[PDB]
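One-based numbering, in listed order, for ligands and for the atoms of each. These values consider heavy atoms only, across backbone and side chains, with no hydrogens, waters or symmetry-generated copies. Naming: A, B, ... by sequence-line order, numbering from 1 per chain.
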Amino acid sequence: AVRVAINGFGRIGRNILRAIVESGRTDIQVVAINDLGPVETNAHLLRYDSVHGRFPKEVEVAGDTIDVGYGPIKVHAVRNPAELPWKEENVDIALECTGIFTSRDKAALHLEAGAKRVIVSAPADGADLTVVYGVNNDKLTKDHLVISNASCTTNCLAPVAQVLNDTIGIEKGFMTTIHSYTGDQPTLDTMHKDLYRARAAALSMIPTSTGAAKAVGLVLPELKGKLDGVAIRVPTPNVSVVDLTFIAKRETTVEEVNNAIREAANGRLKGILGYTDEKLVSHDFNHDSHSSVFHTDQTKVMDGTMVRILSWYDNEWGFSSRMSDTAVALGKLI
Amino acid sequence: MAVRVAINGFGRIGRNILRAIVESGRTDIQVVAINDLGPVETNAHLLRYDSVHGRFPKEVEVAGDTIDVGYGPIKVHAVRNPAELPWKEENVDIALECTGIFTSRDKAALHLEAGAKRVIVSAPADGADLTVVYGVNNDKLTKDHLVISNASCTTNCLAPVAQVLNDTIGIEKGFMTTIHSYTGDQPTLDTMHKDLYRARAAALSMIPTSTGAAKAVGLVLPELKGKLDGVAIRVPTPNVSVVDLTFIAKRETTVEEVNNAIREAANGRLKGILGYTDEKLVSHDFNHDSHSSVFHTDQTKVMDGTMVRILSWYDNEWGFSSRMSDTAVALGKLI
Amino acid sequence: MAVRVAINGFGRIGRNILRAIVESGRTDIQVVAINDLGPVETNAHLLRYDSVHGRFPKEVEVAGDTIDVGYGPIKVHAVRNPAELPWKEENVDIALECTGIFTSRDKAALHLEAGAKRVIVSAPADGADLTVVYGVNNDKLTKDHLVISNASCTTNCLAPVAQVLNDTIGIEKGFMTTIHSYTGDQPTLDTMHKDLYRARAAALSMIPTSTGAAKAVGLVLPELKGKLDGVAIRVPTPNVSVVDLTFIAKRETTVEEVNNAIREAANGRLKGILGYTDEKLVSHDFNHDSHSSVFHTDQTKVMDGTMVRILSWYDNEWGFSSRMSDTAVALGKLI
Amino acid sequence: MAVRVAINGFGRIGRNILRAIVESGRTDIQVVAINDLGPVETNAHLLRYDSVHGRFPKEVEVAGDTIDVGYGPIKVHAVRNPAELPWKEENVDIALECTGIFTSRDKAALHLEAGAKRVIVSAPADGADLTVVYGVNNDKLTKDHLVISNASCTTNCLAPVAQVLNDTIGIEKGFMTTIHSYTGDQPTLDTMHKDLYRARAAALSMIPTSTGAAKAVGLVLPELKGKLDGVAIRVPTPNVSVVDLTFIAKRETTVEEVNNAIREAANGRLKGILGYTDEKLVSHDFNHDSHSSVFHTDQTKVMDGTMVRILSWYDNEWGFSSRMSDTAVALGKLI
Ligand SMILES: NC(=O)c1ccc[n+]([C@@H]2O[C@H](COP(=O)([O-])OP(=O)(O)OC[C@H]3O[C@@H](n4cnc5c(N)ncnc54)[C@H](O)[C@@H]3O)[C@@H](O)[C@H]2O)c1
Ligand SMILES: NC(=O)c1ccc[n+]([C@@H]2O[C@H](COP(=O)([O-])OP(=O)(O)OC[C@H]3O[C@@H](n4cnc5c(N)ncnc54)[C@H](O)[C@@H]3O)[C@@H](O)[C@H]2O)c1
Ligand SMILES: NC(=O)c1ccc[n+]([C@@H]2O[C@H](COP(=O)([O-])OP(=O)(O)OC[C@H]3O[C@@H](n4cnc5c(N)ncnc54)[C@H](O)[C@@H]3O)[C@@H](O)[C@H]2O)c1
Ligand SMILES: NC(=O)c1ccc[n+]([C@@H]2O[C@H](COP(=O)([O-])OP(=O)(O)OC[C@H]3O[C@@H](n4cnc5c(N)ncnc54)[C@H](O)[C@@H]3O)[C@@H](O)[C@H]2O)c1
């Protein structure tokens with residue numbers, strides 16, 4: 001079992017722990033947690049969840065300790081990641097989930113503190129490698145010390161872009177992800193570095209940026225420079241969607257698009273790529289641990305070569321699950 | 001000299017047709033009757049207080065079966081069958097059919113049986129003598145078109161942008177996703193519905209849904225027939241929608257060319273119908289904007305010189321309700 | 001052994017009764033029939049997928065006009081009027097009336113003609129042989145009671161608190177405001193309605209509304225007649241409500257006494273029906289909780305010894321649906 | 001004779017103080033200085049476009065470090081510590097403290113150190129020389145009060161109602177729950193916060209919370225010291241709030257007497273401050289209403305002559321921001 005610490009006990013941080021517990025997985029153990037508050041507040045935030053419900057197991061608090069079923073977890077409050085006791089606690093991997101230490105050189109402070117590897121829960125400027133689990137995690141080597149788990153959007157688009165490109169070919173494509181609001185937006189209109197993201201989150205559709213599409217051109221090099229995209233933030237607390245229109249290299253059909261996703265889903269990317277043949281809506285994919293769930297009924301083909309698809313993602317649950325798969329795979333190279 | 005009109009179905013659009021006439025100060029049209037399914041006071045109450053547009057900017061006087069908003073009594077009805085209305089007596093030039101239940105052309109045609117001289121449907125109308133997007137094809141109206149359709153809110157958003165961009169650089173093929181506000185045909189909580197998507201609690205999810213608006217551009221621009229398709233996604237906002245469009249241009253172009261061609265038209269031929277913003281705005285800033293379509297310059301992308309994406313906002317209540325009036329006035333002149 | 005039940009109207013109430021029976025594992029009641037006028041496939045889809053309660057955790061097999069949730073086919077019918085139902089053929093012990101259309105005793109009782117032996121209406125029911133809050137006046141049911149009301153979500157939340165506190169300290173006078181989640185009978189957007197309050201966009205406002213729950217407690221608990229009044233305020237949430245009650249005690253008391261009296265009730269006589277929390281929880285934390293009433297200790301207030309304020313949550317869907325079954329099990333024993 | 005003001009903290013309240021001034025046309029006050037934490041152009045952009053109040057009605061023009069709203073350049077700063085703001089230089093009569101971050105007398109008074117002659121805190125302030133609800137106790141101001149509090153939005157709503165009733169029929173004892181719109185100090189999603197309630201996602205729940213507004217009346221109105229207690233529940237609306245008050249009268253009363261004592265104050269000495277409605281309105285209807293408190297008449301109830309419940313609405317943003325200017329004008333005359 002690889003030893004991990006969670007830095008930033010937030011939406012991703014807490015859910016990383018929750019997914020581990022809810023699965024019984026034994027390949028990974030969380031040994032410490034760090035945020036900026038009382039141990040008790042961390043425990044209470046874990047216990048009660050406005051999106052996913054109540055925590056399924058008792059949550060025990062002992063001094064500086066948290067226990068969720070398998071022994072106490074050392075809990076901290078250290079602003080500077082380089083001051084953490086990673087050596088003394090023998091941390092194989094630091095999972096960096098604050099939002100503020102995403103460049104390689106900052107994420108690396110965990111290495112200074114004593115962790116052997118670092119995984120940033122987001123795009124990472126200067127990452128030794130950027131990973132979409134199930135797609136390119138076999139590129140990890142003994143070389144990479146500080147890597148990125150990509151963004152929730154990249155983890156949803158890449159598996160779909162990969163299969164379809166392998167099947168039918170992608171000449172050129174444009175993505176708009178319609179995303180649930182997120183903690184880096186305000187409840188009401190207020191001073192912000194980004195004028196779109198300044199705006200009341202549950203009140204509008206809000207145009208926003210995202211490197212997800214170009215980023216896929218890097219986790220799948222064969223799609224270098226062929227995809228571009230943006231986002232629209234809307235009034236939902238959790239769950240998002242990818243709406244991608246692209247040109248196929250050869251003429252195709254709705255059926256062939258659908259079928260190719262099904263075979264991939266039931267075979268090589270099982271658990272990572274999924275699909276529904278039903279008429280579902282966003283909330284239906286709440287608490288689904290797939291990176292991507294392809295909406296069969298939404299496939300469109302215009303004039304042989306123009307293709308539209310829709311794929312869902314639980315931006316919290318799916319991604320937090322991958323943070324674990326990625327860590328277990330990274331620990332094995334140590 | 002003003003066209004005499006009657007609103008059938010005093011819902012989100014029937015109310016805002018009236019309200020927009022009043023806010024705009026327009027003298028060319030006049031509402032002379034209103035019909036719905038309830039007491040006069042209830043209708044007045046819903047005109048007075050709006051959850052999305054706010055309070056009615058003027059007093060609303062009720063006296064009998066009548067409503068006064070500044071200019072004299074408006075006769076108010078409560079008749080389920082459209083065939084039974086006193087359109088001939090009250091001298092209705094044009095009935096505006098807004099219930100959402102008489103969009104069929106022979107169903108709309110009941111307003112002529114009842115006495116109106118012409119009919120406009122506030123939606124796509126199957127079998128309409130003509131379908132119109134004001135500013136794009138109101139020129140094709142003739143003295144013979146008797147029961148026309150004002151298209152949909154989404155169609156009035158898309159067609160003016162398609163027309164400009166096609167005239168200027170050429171559209172080969174494209175796909176539309178409208179992210180649209182939820183509407184009165186969806187429920188609060190999940191429940192029995194003919195469409196499995198729309199059965200779902202409306203303010204709780206992103207809800208993919210069906211729409212023929214892109215294909216319908218083909219009805220107002222034959223040049224464009226068969227070249228556009230699209231769908232919708234409804235989201236938890238109560239008003240204001242947006243067209244997100246990715247298409248293949250006939251020649252290489254650039255972000256700048258596209259925005260530019262849009263400004264030119266917005267500032268000239270299509271002033272008031274197609275507008276644009278160069279600022280970083282979000283959907284609520286367009287609440288109560290009367291444009292059919294407001295192009296969002298910043299969001300314009302171009303990939304490999306010929307794949308082009310655009311984003312254009314509409315107030316689905318407000319623009320569309322304003323255009324209902326523009327269309328009735330034009331039609332009125334041909335009577 | 002298990003009481004055999006039929007659900008009339010597979011709207012939300014009806015579906016959640018089923019889901020609650022299945023999720024709990026209980027063995028004392030069984031749904032053997034459903035009657036509804038919409039399509040069997042749509043009803044299965046709505047059982048499978050809930051936007052408030054989430055994914056139903058068992059397989060749902062459609063096989064013709066039948067549905068199987070894990071114990072055999074459940075016949076689904078469509079029969080306009082409840083006297084025409086084949087309740088005799090089907091061996092129904094109790095029809096659960098959940099349409100919202102058949103609430104009066106004489107209407108609900110058509111099910112008795114249709115062949116069933118008892119009827120339970122899932123709301124207040126005019127002229128009911130008895131009105132039940134399970135856990136409170138559960139024991140006043142007889143062999144002679146043939147058509148009953150399971151009262152309302154708010155009443156099942158209030159009566160248990162009122163009873164404990166009245167027994168312990170005494171209630172002279174009180175006023176209840178229930179801050180309630182919006183519900184299926186409110187519209188998405190402003191529109192024609194009998195009640196002008198309920199005409200307003202449901203998720204855009206705090207909306208004042210009347211409720212009969214405080215009167216109704218004076219009936220379940222006769223010693224409290226004329227003692228309690230109240231009203232509601234609907235707010236933009238899809239599920240979970242709360243009772244905010246302020247009353248005058250018969251005698252001086254304290255915060256700790258009030259809370260302590262609730263805990264001893266919840267941990268004994270009223271287990272599973274009235275619960276409490278000693279933590280700082282919010283409304284979503286009670287989503288999908290089967291209690292009728294969950295007392296919020298932290299929110300208890302006393303001033304000048306005798307004016308008391310309390311706060312108690314209810315999942316207005318899930319608690320009430322469980323009680324439907326608890327009530328029916330008991331009714332069955334009297335058959 | 002126009003009081004010169006600086007707005008420190010250009011947030012919901014800050015921006016709307018400026019907006020109410022422009023909109024009213026009033027000429028007794030002049031904003032001469034704005035301070036926040038970001039670029040001039042960002043401050044201007046948040047003034048231009050407002051998700052709750054809509055677009056700014058006048059042009060918002062930027063030149064260098066100044067914005068101009070129709071009446072000449074307002075100087076714009078970005079300075080974190082208030083002791084450094086050039087208040088002396090710029091002849092500031094009254095610094096309006098609106099950051100939420102300097103509410104205690106010693107932090108608020110840093111503005112006096114900087115050059116301002118007076119300070120009004122836009123919230124409860126520990127140690128304030130006086131706490132003012134305009135319309136109620138502003139006659140109590142003296143030339144001697146240097147640092148003052150304008151109370152809370154809730155106290156400005158409750159105090160006028162409490163005054164009228166108390167003066168008319170007496171208040172022995174009351175309890176208050178305010179149902180309140182979420183504000184900027186709550187998160188979009190569950191996250192670390194110093195208060196375990198307010199840590200929870202803001203638009204997802206009914207969230208019980210702490211307020212001193214009921215006690216604080218007790219000291220705009222000494223006759224009422226120690227007689228009222230209260231608490232809050234935040235719910236998923238972005239603006240507009242309500243007071244739900246239940247109290248013991250000093251004598252027997254009626255629904256009718258309670259209501260017309262309010263009408264009379266509202267139409268007489270409390271005009272513009274306390275208003276009322278006789279109609280069936282909902283929260284959104286009071287968006288952008290400048291009253292401090294608008295009494296909802298149909299909601300008055302009386303239990304056994306002496307138990308009285310009432311409901312009164314407040315736009316927590318728009319009403320309070322207007323009062324800030326009113327209070328500023330009064331204070332300025334005493335300098
Ligand atoms: N929420 C999502 O949908 C999602 C999905 C994919 C990726 N991500 C990425 O994951 C990261 C976190 O996202 P989130 O949604 O969990 O945000 P969040 O705000 O919920 O979590 C951030 C947490 O870090 C804590 N924190 C701040 N500074 C700290 C410090 N110096 N030391 C320790 N803790 C500190 C905060 O208290 C907070 O609890 C971001 O980079 C985000 O982009 C988020
Ligand atoms: N809401 C929009 O953004 C929008 C935009 C463009 C077009 N439209 C179209 O306009 C039409 C109405 O839309 P809406 O949002 O105003 O719906 P709505 O539900 O708000 O309005 C329908 C109104 O008609 C009344 N009505 C129903 N049956 C009637 C009958 N038998 N006789 C008289 N009145 C009757 C109802 O009471 C209701 O007030 C629909 O066809 C819709 O597709 C709507
Ligand atoms: N939902 C709650 O929290 C709750 C709580 C307490 C009491 N109640 C009461 O329970 C009743 C139902 O509530 P609900 O929320 O389930 O409403 P709902 O709208 O979800 O359910 C109504 C269902 O009955 C069906 N129906 C309507 N007319 C019918 C008829 N003619 N024949 C057969 N089926 C018909 C509809 O298709 C729908 O599925 C109401 O009286 C309500 O007051 C509900
Ligand atoms: N929003 C309401 O309904 C309301 C009502 C009545 C009273 N109040 C009180 O008014 C105050 C502000 O409320 P708000 O809703 O406008 O909050 P807000 O967050 O919307 O506004 C606060 C503003 O102050 C700025 N700021 C923070 N630190 C600063 C500093 N060091 N120097 C200068 N500016 C700084 C922030 O950038 C922000 O623009 C609070 O005390 C609040 O309790 C608010």
Side-chain angles (χ1 to χ4, degrees), chain A residues 7-15 34-37 45 76-81 97-102 120-122 149 151-153 179-180 182-184 238 240 315-316 319-320, chain B residues 8-15 35-38 46 78-82 98-103 121-124 150 152-154 181 183-185 189-192 239 241 316-317 320, chain C residues 8-16 35-38 43 46 78-80 82 98-103 121-123 150 152-154 156 181 183-185 189-192 239 241 316-317 320-321, chain D residues 189-192:
Chain A
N7 204 45
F9 205 44
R11 292 314 288 153
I12 309 278
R14 306 200 290 276
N15 278 302
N34 184 56
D35 208 278
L36 299 170
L45 291 151
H76 306 98
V78 186
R79 202 137 218 143
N80 187 0
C97 318
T98 75
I100 84 177
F101 296 135
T102 64
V120 179
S121 71
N149 199 232
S151 65
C152 53
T153 318
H179 208 281
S180 265
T182 212
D184 75 299
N238 199 40
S240 311
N315 58 93
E316 293 179 350
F319 188 89
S320 285
Chain B
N8 194 59
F10 209 53
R12 301 299 309 161
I13 149 167
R15 293 196 307 274
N35 176 58
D36 204 287
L37 306 177
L46 286 161
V79 185
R80 215 161 206 93
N81 171 57
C98 310
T99 68
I101 259 70
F102 307 121
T103 61
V121 178
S122 65
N150 201 231
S152 68
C153 59
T154 312
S181 257
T183 183
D185 63 301
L189 263 22
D190 316 308
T191 199
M192 185 48 65
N239 191 44
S241 304
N316 52 96
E317 309 191 325
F320 188 93
Chain C
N8 207 27
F10 203 52
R12 319 208 33 101
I13 180 94
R15 307 200 298 273
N16 284 318
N35 189 64
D36 186 299
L37 315 169
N43 283 325
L46 294 166
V79 190
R80 269 167 176 177
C98 314
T99 67
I101 302 305
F102 304 104
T103 62
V121 180
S122 67
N150 198 230
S152 73
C153 59
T154 310
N156 290 85
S181 270
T183 190
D185 88 283
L189 282 178
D190 297 338
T191 201
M192 183 65 61
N239 194 48
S241 308
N316 56 103
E317 296 195 325
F320 192 78
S321 289
Chain D
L189 265 351
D190 298 352
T191 198
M192 177 70 59

Go through the steps to decide whether D:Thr191 and A:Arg11 satisfy the test side chain to side chain contact (heavy atoms under 4.5 Å, CB included), and finish with yes or no.
-> CA-CA 8 Å; D:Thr191 198; A:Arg11 292 314 288 153; over 6 Å; no
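- What you find for A:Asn15 and A:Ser320 is that their closest heavy atoms are CB-OG, 3.5 Å.
- Atom 41 (O) of ligand 1 lies below 4.0 Å from at least one non-hydrogen atom of the protein.
- If you take CZ on A:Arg79 and CG on A:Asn34, they are separated by 10.5 Å, rounding to the nearest 0.5 Å.
- With A:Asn315 contributing its side chain and A:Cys152 its backbone, the two residues share no donor-acceptor pair below 3.5 Å.
- For a threshold of 3.5 Å applied to N or O pairs, the pair formed by C:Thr183 and ligand 3 contains no separation below that value.
- Remark: ligand 2 atoms within the under-4.0 Å shell around heavy atoms of B:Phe10 are 39 (O).
- In this comparison of A:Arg79, A:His179, D:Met192, the heavy atom closest to atom 31 (N) of ligand 1 sits on A:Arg79.
- The closest donor-acceptor contact from the side chain of C:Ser152 to the backbone of C:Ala123 lies at 3.5 Å or more, if one exists at all.
- For the residues C:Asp190, B:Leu37, B:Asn316, B:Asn239, the heavy atom positioned nearest atom 2 (C) of ligand 2 is part of B:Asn316.
- Closest of all the heavy-atom pairs between A:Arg14 and A:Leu45 is NE-O, 3.3 Å.
- Against a heavy-atom cut-off of under 4.0 Å, A:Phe101 is close to the following atoms of ligand 1: 31 (N).
- Counting only distance, with no hydrogens or angles, the side chain of C:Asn8 and the backbone of C:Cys98 share no donor-acceptor pair below 3.5 Å.
- The closest heavy-atom contact to atom 32 (N) of ligand 3, among the options C:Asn150, C:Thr99, C:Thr154, C:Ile101, comes from C:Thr99.
- Checked by distance only, ligand 1 and A:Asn7 stay at 3.5 Å or farther apart across all their nitrogen or oxygen atoms.
- Here the closest non-hydrogen pair linking B:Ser122 and B:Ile13 is CB-CD1, 3.1 Å.
- Separation of atoms CG (C:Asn156) and CZ (C:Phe320) is listed at 6.0 Å; rounding is to 0.5 Å.
- In this structure, the protein non-hydrogen atom closest to atom 44 (C) of ligand 1 is A:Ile12 CG1, 3.5 Å.
- Shortest non-hydrogen contact noted between C:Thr183 and C:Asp185 is CG2-OD1, 2.8 Å.
- Looking only at protein heavy atoms, the nearest one to atom 43 (O) of ligand 3 is C:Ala123 CB, 4.3 Å.
- The protein heavy atom nearest to atom 12 (C) of ligand 1 is A:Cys97 O, 3.4 Å.
- In the vicinity of A:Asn34, heavy-atom distances shorter than 4.0 Å reach the ligand 1 atoms 32 (N), 33 (C), 34 (N).
- The closest protein non-hydrogen atom to atom 37 (O) of ligand 1 is A:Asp35 OD1, 2.8 Å.
- Residue contact check for ligand 1: A:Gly13 places no non-hydrogen atom closer than 4.0 Å to it.
- Remark: minimum distance from atom 15 (O) of ligand 3 to any protein heavy atom is reached at C:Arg12 CB, 3.8 Å.
- Considering backbone and side-chain N/O of B:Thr191, none are found under 3.5 Å from N/O of ligand 3.
- Ligand 1 lies out of reach of A:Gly183, whose nearest heavy atom is not under 4.0 Å from it.
- The shortest N/O to N/O separation between C:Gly11 and ligand 3 falls below 3.5 Å.
- In this comparison of C:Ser122, C:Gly9, C:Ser321, C:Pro82, the heavy atom closest to atom 9 (C) of ligand 3 sits on C:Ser122.
- A:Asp35 contributes a side-chain N or O that, together with a main-chain N or O of A:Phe9, makes up a donor-acceptor pair within less than 3.5 Å.
- Of all the atoms in ligand 2, the ones that sit under 4.0 Å from a non-hydrogen atom of B:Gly100 are 40 (C), 41 (O).
- Among the atoms of C:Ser152, none of the N or O lies under 3.5 angstrom from an N or O of ligand 3.
- A:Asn238 and A:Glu316 make their closest contact through OD1-CG, 3.5 Å (heavy atoms, listed as atom of the first residue, atom of the second, distance).
- For B:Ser241 against B:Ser181, the heavy-atom pair with the smallest separation is OG-N, 3.2 Å.
- Within ligand 2, counting atoms from 1 as listed, the ones closer than 4.0 Å to a heavy atom of B:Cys153 are 5 (C), 6 (C).
- Proximity to A:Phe319 (heavy-atom distance under 4.0 Å) selects the following atoms of ligand 1: 6 (C), 7 (C).
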